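Undergrad: Got a structure here, written out as structure tokens. Questions coming.
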Amino acid sequence: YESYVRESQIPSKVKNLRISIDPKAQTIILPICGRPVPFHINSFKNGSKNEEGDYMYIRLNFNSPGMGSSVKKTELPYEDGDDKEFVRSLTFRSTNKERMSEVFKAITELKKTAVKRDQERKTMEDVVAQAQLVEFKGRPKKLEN
Amino acid sequence: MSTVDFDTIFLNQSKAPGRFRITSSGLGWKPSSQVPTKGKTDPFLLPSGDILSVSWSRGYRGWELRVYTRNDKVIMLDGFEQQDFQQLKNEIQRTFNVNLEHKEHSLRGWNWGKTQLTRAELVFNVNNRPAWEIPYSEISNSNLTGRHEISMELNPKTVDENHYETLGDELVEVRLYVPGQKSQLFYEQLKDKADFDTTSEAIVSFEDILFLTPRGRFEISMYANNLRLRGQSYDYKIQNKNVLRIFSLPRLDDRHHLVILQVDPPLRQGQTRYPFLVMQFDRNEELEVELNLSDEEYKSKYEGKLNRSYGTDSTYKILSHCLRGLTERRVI
């Protein structure tokens with residue numbers, strides 16, 4: 001999967017040095033030291049929100065090997081690699097509690113929509129493309145109720 | 001002497017825009033006088049002799065000029081337009097004899113890659129491209145959290161007499177997972193680079209406690225005013241005032257012991273709630289625990305309420321005594 005191919009694809013709304021979510025590209029742009037780093041909802045695992053004082057500390061966890069997601073070995077959300085290092089979690093803080101709560105809700109909703117679409121695909125995947133039913137040109141035999 | 005100047009440039013993620021200037025003596029940045037920034041109005045000045053290398057890359061506010069200094073500091077200047085690149089390249093080359101490098105960043109959205117400890121910054125590479133970099137000066141502390149897990153705490157930028165107000169959401173903590181038998185060597189190099197000093201928090205912690213309600217395993221971290229339950233999927237913060245009652249009840253199986261907390265308001269997971277937290281201990285489970293308290297704070301606040309050290313006694317007894325001492329609730 002991919003979040004963006006060109007820097008132009010990144011929305012102009014990103015200009016705020018804050019967490020910006022792109023539902024169309026299923027991407028969570030995170031402000032890491034003035035860097036607009038995109039994180040695809042597929043790489044994202046689960047999130048935990050904790051309002052500590054005036055700052056809302058939200059820890060966004062990501063898929064990491066070792067008893068991680070419930071997904072079977074057949075499909076892995078990352079490429080196999082013993083030498084690959086992973087971003088396991090990022091914790092952000094903000095003075096604005098309401099917006100930060102809305103951002104967390106929107107990340108959680110985006111994940112639910114992604115999982116639902118992947119289940120719907122799988123319920124249609126192994127299903128072999130069947131031929132089209134040919135209607136009977138006369139009065140068909142029927143069983144009612 | 002052609003002084004080249006750029007308006008609307010921001011220094012190190014400053015909230016206020018400033019005027020950036022290139023001179024034969026070095027780089028200068030001054031905040032624009034239109035914002036009442038409780039704060040020194042003094043121009044930032046970087047001498048020409050301190051400039052090592054300069055990179056150009058995409059930032060939040062347009063393009064970012066990242067200046068590497070000989071003193072292992074990174075200076076970030078953001079707010080440039082794409083057209084400014086040709087002018088900046090010619091002026092930096094002419095004035096400092098330094099090449100302006102164009103650095104393309106990974107936009108794939110992958111959380112896997114390779115970390116690379118560069119002289120002044122920690123770089124995370126995704127498919128041979130930098131995804132993000134963290135200057136060592138922004139790292140406050142680093143701590144091995146498991147056999148393959150490295151947690152870096154970042155200096156929370158609040159109010160310092162020498163720093164411009166930052167604008168946005170701030171990164172506080174980064175956790176990396178480094179597989180292979182490798183994370184200890186990675187940690188040692190990073191720790192030695194900036195002499196990171198380990199710290200200890202939480203009066204007392206209890207790891208791997210089995211809850212029957214909510215069903216799951218939780219770490220219990222106790223503080224002076226609050227109790228934290230840390231769970232793989234759910235973190236809870238309970239104030240000590242919200243604990244109404246503590247029950248310590250033996251199970252009839254004569255093998256497990258129940259500790260039960262009544263909490264008001266009841267904990268929430270969505271629709272139905274948890275007015276009672278039910279913990280399950282083995283009766284043969286023994287734990288030794290020293291309280292993380294100074295001798296002055298222990299004597300003044302906790303003397304006769306808590307023991308300074310608990311010997312190797314049953315975990316549920318130590319936990320019930322700690323809960324009694326911190327919540328001031330009677331154990332039933």
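The way I read the labels, and the way they are meant: chains A, B, ... in the order of the structure tokens, residue 1 as the first residue of every chain, and ligand 1 as the first ligand shown, with later ones counted on from there.
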Can you pull out every residue from stretch 54-105 of chain A that DSSP, working from the backbone, puts in helix (DSSP H, G or I), and format the result as a list in words?
TA: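 Taking stretch 54-105 of chain A and keeping helix (DSSP H, G or I) gives residues 97, 98, 99, 100, 101, 102, 103, 104 and 105 of chain A.
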Undergrad: May I have the residues from that selection written out with N, CA, C and O atoms, as a PDB file, in the first residue's frame?
TA:
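again-v1.pdb was written with the following content:
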```pdb
ATOM      1  N   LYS A  97      -7.972  20.128  23.671  1.00  0.00           N
ATOM      2  CA  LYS A  97      -8.553  18.820  24.026  1.00  0.00           C
ATOM      3  C   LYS A  97      -9.675  18.368  23.084  1.00  0.00           C
ATOM      4  O   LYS A  97      -9.717  17.207  22.679  1.00  0.00           O
ATOM      5  N   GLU A  98     -10.573  19.273  22.695  1.00  0.00           N
ATOM      6  CA  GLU A  98     -11.743  18.947  21.864  1.00  0.00           C
ATOM      7  C   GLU A  98     -11.327  18.452  20.479  1.00  0.00           C
ATOM      8  O   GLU A  98     -11.646  17.324  20.093  1.00  0.00           O
ATOM      9  N   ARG A  99     -10.533  19.260  19.773  1.00  0.00           N
ATOM     10  CA  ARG A  99     -10.021  18.856  18.434  1.00  0.00           C
ATOM     11  C   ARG A  99      -9.256  17.530  18.536  1.00  0.00           C
ATOM     12  O   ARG A  99      -9.491  16.657  17.686  1.00  0.00           O
ATOM     13  N   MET A 100      -8.371  17.388  19.531  1.00  0.00           N
ATOM     14  CA  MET A 100      -7.566  16.175  19.668  1.00  0.00           C
ATOM     15  C   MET A 100      -8.461  14.937  19.879  1.00  0.00           C
ATOM     16  O   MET A 100      -8.256  13.899  19.251  1.00  0.00           O
ATOM     17  N   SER A 101      -9.550  15.069  20.643  1.00  0.00           N
ATOM     18  CA  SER A 101     -10.591  14.037  20.732  1.00  0.00           C
ATOM     19  C   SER A 101     -11.285  13.742  19.395  1.00  0.00           C
ATOM     20  O   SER A 101     -11.546  12.575  19.103  1.00  0.00           O
ATOM     21  N   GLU A 102     -11.597  14.756  18.587  1.00  0.00           N
ATOM     22  CA  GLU A 102     -12.185  14.576  17.249  1.00  0.00           C
ATOM     23  C   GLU A 102     -11.233  13.856  16.289  1.00  0.00           C
ATOM     24  O   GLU A 102     -11.638  12.915  15.609  1.00  0.00           O
ATOM     25  N   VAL A 103      -9.956  14.241  16.281  1.00  0.00           N
ATOM     26  CA  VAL A 103      -8.906  13.586  15.487  1.00  0.00           C
ATOM     27  C   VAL A 103      -8.812  12.104  15.844  1.00  0.00           C
ATOM     28  O   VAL A 103      -8.822  11.251  14.957  1.00  0.00           O
ATOM     29  N   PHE A 104      -8.803  11.767  17.139  1.00  0.00           N
ATOM     30  CA  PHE A 104      -8.779  10.373  17.577  1.00  0.00           C
ATOM     31  C   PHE A 104     -10.006   9.574  17.100  1.00  0.00           C
ATOM     32  O   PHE A 104      -9.878   8.431  16.643  1.00  0.00           O
ATOM     33  N   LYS A 105     -11.203  10.175  17.179  1.00  0.00           N
ATOM     34  CA  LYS A 105     -12.445   9.564  16.676  1.00  0.00           C
ATOM     35  C   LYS A 105     -12.355   9.303  15.172  1.00  0.00           C
ATOM     36  O   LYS A 105     -12.640   8.185  14.749  1.00  0.00           O
TER      37      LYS A 105
END
```
Undergrad: What residues in stretch 17-242 of chain B get the DSSP label strand (DSSP E or B)? Please answer as number ranges by chain.
TA: B: 18-23, 26-31, 44-47, 51-58, 63-69, 74-80, 100-102, 112-117, 121-126, 129-135, 139-146, 149-154, 166, 170-177, 204-213, 215-222, 226-230, 235-239
Undergrad: What lies within 8 Å of residue B:134 using only C-alpha atoms, ignoring chain neighbours under 3 positions off, as a ChimeraX atom specification?
TA: /A:32-33 /B:121-123,138-139
Undergrad: Selection from above, C-alpha atoms, as a CSV table (one decimal), in the first residue's frame, can you write it?
TA:
```
chain,number,residue,atom,x,y,z
A,32,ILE,CA,7.7,14.6,13.7
A,33,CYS,CA,10.2,17.5,14.2
B,121,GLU,CA,20.2,13.4,14.1
B,122,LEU,CA,18.5,10.0,14.4
B,123,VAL,CA,17.2,9.1,10.8
B,138,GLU,CA,15.4,17.2,21.1
B,139,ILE,CA,15.9,13.8,22.8
```
Undergrad: When the cut-off is 8 Å and we count only C-alpha atoms, which residues of chain A are near chain B, given as number ranges by chain?
TA: A: 1-7, 14-19, 27, 31-40, 43, 46-50, 62-64, 78, 82-94
Undergrad: Keeping only C-alpha atoms, write the selected residues to a file as a PDB file, in the first residue's frame.
TA:
```pdb
ATOM      1  CA  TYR A   1       0.000   0.000   0.000  1.00  0.00           C
ATOM      2  CA  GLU A   2       1.099   3.675  -0.345  1.00  0.00           C
ATOM      3  CA  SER A   3       0.001   6.990   1.272  1.00  0.00           C
ATOM      4  CA  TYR A   4       1.330   9.546  -1.284  1.00  0.00           C
ATOM      5  CA  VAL A   5       3.457   9.310  -4.484  1.00  0.00           C
ATOM      6  CA  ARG A   6       4.197  13.067  -4.904  1.00  0.00           C
ATOM      7  CA  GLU A   7       4.558  15.887  -2.305  1.00  0.00           C
ATOM      8  CA  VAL A  14      -1.265  19.985   6.263  1.00  0.00           C
ATOM      9  CA  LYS A  15       0.159  23.535   6.874  1.00  0.00           C
ATOM     10  CA  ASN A  16      -0.515  23.766  10.678  1.00  0.00           C
ATOM     11  CA  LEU A  17       2.289  21.627  12.284  1.00  0.00           C
ATOM     12  CA  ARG A  18      -0.546  19.390  13.647  1.00  0.00           C
ATOM     13  CA  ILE A  19      -1.964  15.852  13.085  1.00  0.00           C
ATOM     14  CA  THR A  27      -3.344   8.449   5.757  1.00  0.00           C
ATOM     15  CA  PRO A  31       4.261  16.167  12.873  1.00  0.00           C
ATOM     16  CA  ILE A  32       7.687  14.587  13.662  1.00  0.00           C
ATOM     17  CA  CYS A  33      10.179  17.494  14.191  1.00  0.00           C
ATOM     18  CA  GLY A  34       8.602  19.699  11.460  1.00  0.00           C
ATOM     19  CA  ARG A  35       8.293  16.702   9.068  1.00  0.00           C
ATOM     20  CA  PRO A  36       4.891  15.881   7.434  1.00  0.00           C
ATOM     21  CA  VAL A  37       5.314  12.108   7.898  1.00  0.00           C
ATOM     22  CA  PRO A  38       2.413  10.079   6.482  1.00  0.00           C
ATOM     23  CA  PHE A  39       1.260   6.844   8.231  1.00  0.00           C
ATOM     24  CA  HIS A  40      -1.203   4.604   6.308  1.00  0.00           C
ATOM     25  CA  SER A  43       0.296   0.317   9.205  1.00  0.00           C
ATOM     26  CA  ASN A  46      -4.575   0.635  17.857  1.00  0.00           C
ATOM     27  CA  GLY A  47      -4.714   3.984  19.736  1.00  0.00           C
ATOM     28  CA  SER A  48      -4.896   5.093  23.410  1.00  0.00           C
ATOM     29  CA  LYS A  49      -5.971   8.636  24.495  1.00  0.00           C
ATOM     30  CA  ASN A  50      -5.014  10.056  27.953  1.00  0.00           C
ATOM     31  CA  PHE A  62       1.564   0.606  14.866  1.00  0.00           C
ATOM     32  CA  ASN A  63       1.853  -3.043  13.662  1.00  0.00           C
ATOM     33  CA  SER A  64       5.019  -4.693  15.114  1.00  0.00           C
ATOM     34  CA  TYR A  78       4.328  -5.334   6.624  1.00  0.00           C
ATOM     35  CA  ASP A  82      14.481  -9.903  10.205  1.00  0.00           C
ATOM     36  CA  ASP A  83      16.681  -6.815   9.624  1.00  0.00           C
ATOM     37  CA  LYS A  84      13.629  -4.454   9.490  1.00  0.00           C
ATOM     38  CA  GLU A  85      13.107  -2.074  12.411  1.00  0.00           C
ATOM     39  CA  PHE A  86       9.591  -0.791  13.175  1.00  0.00           C
ATOM     40  CA  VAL A  87       7.938   2.363  14.610  1.00  0.00           C
ATOM     41  CA  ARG A  88       5.980   0.729  17.451  1.00  0.00           C
ATOM     42  CA  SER A  89       4.322   3.812  18.957  1.00  0.00           C
ATOM     43  CA  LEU A  90       4.247   7.615  18.762  1.00  0.00           C
ATOM     44  CA  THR A  91       2.873   9.792  21.608  1.00  0.00           C
ATOM     45  CA  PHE A  92       1.690  13.364  20.856  1.00  0.00           C
ATOM     46  CA  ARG A  93       0.397  16.158  23.147  1.00  0.00           C
ATOM     47  CA  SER A  94      -1.866  19.184  22.443  1.00  0.00           C
TER      48      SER A  94
END
```
Undergrad: Have a look at atom CA of residue B:7 and atom CA of residue A:95 and let me know their distance in Å, one decimal.
TA: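 Computing the Euclidean distance for atom CA of residue B:7 and atom CA of residue A:95 yields 28.5 Å.
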Undergrad: Report, in Å with one decimal, the straight-line distance from atom CA of residue B:209 to atom CA of residue B:274.
TA: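 Between atom CA of residue B:209 and atom CA of residue B:274 the gap works out to 16.8 Å.
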Undergrad: Using only C-alpha atoms, which residue out of B:272, B:33, B:205, B:41 lies closest to residue B:287?
TA: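 When distances to residue B:287 are compared using only C-alpha atoms, the smallest one comes from B:205.
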Undergrad: Would you list the contacts of residue B:96 as a VMD selection string, taking every protein, DNA or RNA residue within 8 Å and counting only C-alpha atoms, but skipping same-chain residues closer than 5 positions in sequence?
TA: chain B and resid 24 48 51
Undergrad: Those same residues, written as a JSON list (two decimals), in the first residue's frame with C-alpha atoms?
TA:
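Written output follows (selection-v1.json):
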```
[["chain", "number", "residue", "atom", "x", "y", "z"],
["B", 24, "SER", "CA", 29.08, 37.08, 4.40],
["B", 48, "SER", "CA", 29.61, 31.35, 8.64],
["B", 51, "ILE", "CA", 27.98, 25.97, 8.93]]
```
